[PDB]
Amino acid sequence: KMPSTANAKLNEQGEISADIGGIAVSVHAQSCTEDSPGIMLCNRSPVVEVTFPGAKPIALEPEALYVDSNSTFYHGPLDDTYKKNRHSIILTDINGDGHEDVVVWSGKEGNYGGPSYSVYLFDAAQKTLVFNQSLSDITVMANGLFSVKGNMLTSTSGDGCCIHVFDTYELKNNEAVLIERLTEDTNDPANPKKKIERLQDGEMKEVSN
Ligand SMILES: [Ca+2]
């Protein structure tokens, strides 16, 4: 399960074409504008086409695409240990069924205007990649893309100072559900406050333990 990466920039036809760990990925995007060094914002019908081995190409049409020519593609797991990078297009099995899914840097609705993502799970029945609202939504106001551990997904939020929120989601059948929210408040370093909420009887409840 070794992680592999690659970088690329949109050529004169607004095109990239790469093979990352045996999965071919192409990008077709015109009329992009430079957002910051090495990074183009493409929001005029950008297309990300993914061809898994032995399969028909699948075209994704994200609402926008941030193409970082210095960190373009990543193929590997979302380890809390391993992945502290930000990539434009990520191939990774989020739901543990043995087939890679796709994560695309599509917005900047993360915490303090950081990256937010569109998540697409491979749907084995349909032979396609299906946009996942619940998973994409985790990245909104998050400090970055979530990490995956078994069927558990972790994400952090907060005010970038003294309030930190640590979320744990359980993923069952294309559906991410929040099961735990840990809020730590260190505004008074001498009096740190910790709040634990957990999913109980179908609702998030504050708990002592
Ligand atoms: Ca999968």
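Every number for a ligand or one of its atoms is a count from 1 in the order of the listing. Residue indices begin at 1 and follow the sequence shown. What's counted below: heavy atoms across the whole structure, side chains too, no hydrogens, waters or symmetry copies.
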Between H75 and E100, is any side-chain donor less than 3.5 angstrom from a side-chain acceptor?
-> yes
Using atom types as modelled and distance alone, determine if a side-chain donor or acceptor of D93 lies under 3.5 Å from a backbone N or O of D97.
-> yes
Nearest to the Ca ion (ligand 1), which N, O or S atom of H99 do we find?
-> O
For side chain to side chain donor-acceptor pair (under 3.5 Å), just list the numbers for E175 and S134, CA-CA rounded to whole Å, side-chain angles, deciding distance to a tenth of an Å, and then say yes or no.
-> CA-CA 7 Å; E175 188 69 291; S134 70; 3.3 Å; yes
Closest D97 atom to the Ca ion (ligand 1) [N, O or S only] | OD1
Starting from the Ca ion (ligand 1), look over the N/O/S atoms of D93 and name the nearest one.
-> OD1
Check whether any side-chain N or O of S69 sits under 3.5 Å from a backbone N or O of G38 as a donor-acceptor pair, and report yes or no.
-> yes
